[PDB]
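Contents: one structure, followed by commentary.
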Ligand code: HEM
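Residue numbers (the UniProt record's numbering): 28 to 443.
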């Protein structure tokens with residue numbers, strides 16, 4: 028058990044594919060251990076992870092987006108060339124200002140505003156499926172799931188038609204860069220794109236200020252800035268366009284990819300939801316608990332504090348294995364049972380808990396559900412192809428990079 032702690036290394040397929048199994052030894056007998064390879068303390072139980080989430084002052088989110096690659100000087104020269112602000116936004120921002128800015132900026136995330144976005148999401152998903160439904164074999168990631176949540180994020184932000192087109196090239200992957208160990212070349216490539224995107228968003232922001240009463244989160248926040256100029260700076264506003272895209276894009280991509288994989292691998296359940304689409308919200312919620320996109324999430328202590336009887340020093344890094352919590356038999360009865368009727372499925376921790384709890388989780392849920400509904404209605408007869416599933420190595424987000432499915436187009440329901 029001591030060897031397991033000393034050898035712990037999440038940068039390998041076993042942690043990405045089934046992290047809950049990978050740390051089951053710790054969840055059952057070692058609720059906190061130090062991982063030398065990471066200089067992280069690792070917690071694996073639902074109650075422990077809830078305890079850390081619940082106190083945003085003692086357990087700071089400052090390391091949530093900190094890569095495990097050595098710092099790159101070329102990355103900073105590139106970002107400084109583009110005038111990058113290096114702002115911490117809500118997800119990794121400390122108190123007191125975090126909750127004050129959340130208070131001022133959260134209103135457009137309210138569920139009453141969801142119906143405003145649902146038609147655009149349904150239309151996006153329909154058009155995406157139209158592009159491949161007649162082919163008989165598709166990669167659901169590259170051919171639909173990757174792009175939909177990016178474009179939905181742009182709509183939520185209020186990006187105008189013309190700009191959304193020019194932004195397609197900025198829909199790059201950030202997961203390894205923020206949560207993994209990118210090579211020096213990967214660091215530089217991402218930095219350049221982020222600098223260019225910063226530049227572009229600065230021009231979008233100026234234009235949005237010209238039409239500050241129009242729709243979308245950016246315009247709403249511009250109006251809030253006029254009311255609370257000491258809370259919302261120009262640099263923070265500029266940083267939030269990218270922050271919200273990154274928060275909204277790959278998270279939803281991975282959630283939906285995993286959900287489809289789980290549903291198609293549990294064919295009796297795919298059968299049920301094809302016959303009764305009203306089961307889909309519940310089914311998506313248990314997909315998040317059983318095969319959710321969040322393997323782990325991070326905090327850093329700001330004071331000495333006891334966790335599972337160990338006094339952590341100031342500044343200690345903590346890896347919360349959220350996937351292990353979601354499979355914790357001490358909170359979830361029969362946790363390895365994929366049960367879309369599970370009454371407490373929504374107590375999973377993929378959206379966090381407490382001060383930073385995901386602001387867009389119900390938009391994320393809607394996207395998952397609409398994509399599942401479209402595929403179950405129009406391709407009930409598809410199945411997973413024989414394939415290897417590859418996972419990008421990083422501590423936080425897990426999903427197959429591709430998801431090949433196959434079907435007989437002549438049996439498409441819409442041809443009957
Ligand atoms: C299934 C999809 C998603 C997942 C799994 C997810 C996951 C998360 C997680 C783990 C956090 C941090 C939780 C914490 O520290 O307590 C978070 C926060 C956040 N999410 Fe999401 N997210 C998703 C979709 C979205 C979407 C679509 C949006 C925007 C429309 C969004 C916007 C945000 C924002 C702004 C925060 C920062 C909240 C804060 O720190 O106060 N997320 N999300």
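Backbone N, C-alpha and C fix where the C-beta goes; we use that ideal spot for every residue, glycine too.
Between residue 429 and residue 165, the alpha-carbon positions lie close to 10 Å from each other.
Put simply, of 243, 228, 249 the residue whose alpha carbon is nearest the alpha carbon of residue 236 is 249.
A heavy atom of the ligand HEM is found nearer than 6 Å to the CB of residue 377.
The criterion of a C-beta distance shorter than 7 Å is satisfied by residue 185 and residue 243.
Taking C-beta atoms as the reference points, residue 421 and residue 206 count as a pair closer than 7 Å. Annotation for residue 388: 378 place their beta carbon closer than 6 Å to its own, counting only its chain and skipping 5 residues before and after. Partner residues in the beta bridge of residue 166, as assigned by DSSP, are 431.
Residue 347: member of the beta strand (DSSP E) spanning 344 to 347, first to last residue.
Here the C-alpha atom of residue 269 lies approximately 26 Å from the C-alpha atom of residue 43.
DSSP, reduced to helix, strand and coil, places residue 367 outside both helices and strands of the structure shown, so it counts as coil. In this structure residue 346 touches residue 67 by the C-beta definition: roughly 5 Å separates them, less than 8 Å. Contact between residue 393 and residue 141 holds: CB atoms are separated by about 6 Å, below the 8 Å threshold. At a cut-off of 3 residues, the continuous stretches assigned as beta strand (DSSP E) that sit fully inside the stretch 139 to 218 are 164 to 166. Here residue 193 is exposed: its Cβ has fewer than 16 other Cβ atoms, across all protein chains shown, within 10 Å. Taken through DSSP and simplified to helix, strand or coil, residue 62 comes out as strand. Setting aside the 5 residues that flank it on each side, residue 414 is surrounded in the same chain by 431, each with a C-beta closer than 6 Å to its C-beta; the list follows chain order. The continuous stretches of alpha helix (DSSP H) do not include residue 67, which lies in the beta strand (DSSP E) extending over residues 67 to 70.
Taken atom to atom, the span from the alpha-carbon of residue 306 to that of residue 438 is near 24 Å.
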